[PDB]
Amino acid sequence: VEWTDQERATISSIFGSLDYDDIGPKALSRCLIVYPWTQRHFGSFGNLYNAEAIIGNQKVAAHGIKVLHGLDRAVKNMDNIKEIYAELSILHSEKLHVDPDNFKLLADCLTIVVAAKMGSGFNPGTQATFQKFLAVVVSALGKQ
C-alpha cells in the first residue's frame, strides 16, 4: 500500500482527536450488540446477555480500549501494518478462529462511533482515508 503525506497526517489527526477510553468501549459494545454471534468469542468476559449489560460491562470496555491502543501502533507505523500485526493475525485467525468477515464488522462499528464523536469534521475525504487504513488493518489480521 502507498501512503501520501496528507494521508498519514489525516490518520494521525483522526486518532489524536479521540479519547480511546471513550471510543474503545463504544465500538466494541456496538459490535457485540449489533453482531451478537461475536459474543461467542467473549465468554469469559462477564455479562453479555442484553445491551444494557454489555454497555455497562467494564471488562468489555477495557478490551475495547485495548483494541484502540492496538490500532495506535498502526497509526504509528503505517508502512509496516502487516508486520506489526503478525502475531495478532495468528491469535485471531488461528487461535480464536474468528471468521474475517467480523474484522470488517468491528471496523464498521468503529467508523460509526468515530463519526458520531467527530461530527462534521469526519468529512467524506477523512472517512475515505480512515477506511483505507482500516482495510489495511483488516487484511493484516486476515489469514496469512
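Numbering starts at 1 and runs along the sequence shown.
Checklist entry - Quick one: higher average CA temperature factor, 107 to 115 or 42 to 50? => result Per the deposited B-factors, the answer is 42 to 50.
Next on the checklist: Please compare 118 to 126 with 20 to 28 and name the stretch with the higher mean C-alpha B-factor in the deposited structure.
Outcome noted: The deposited B-factors put 118 to 126 ahead on the C-alpha mean.
Item to check | Position of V34 among the chain's modelled residues by C-alpha B-factor, lowest, middle or highest third | outcome: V34: CA B-factor falls in the lowest third of its chain.
Item to check | Chain thirds of CA B-factor: placement of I84 | outcome: Top third by C-alpha B-factor.
Checklist entry - Where does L91 sit by CA temperature factor within its chain: lowest, middle or highest third? => result It belongs to the highest third of the chain when residues are ordered by C-alpha B-factor.
Next on the checklist: What third of the chain does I11 rank in for C-alpha temperature factor, lowest, middle or highest?
Outcome noted: Middle third.
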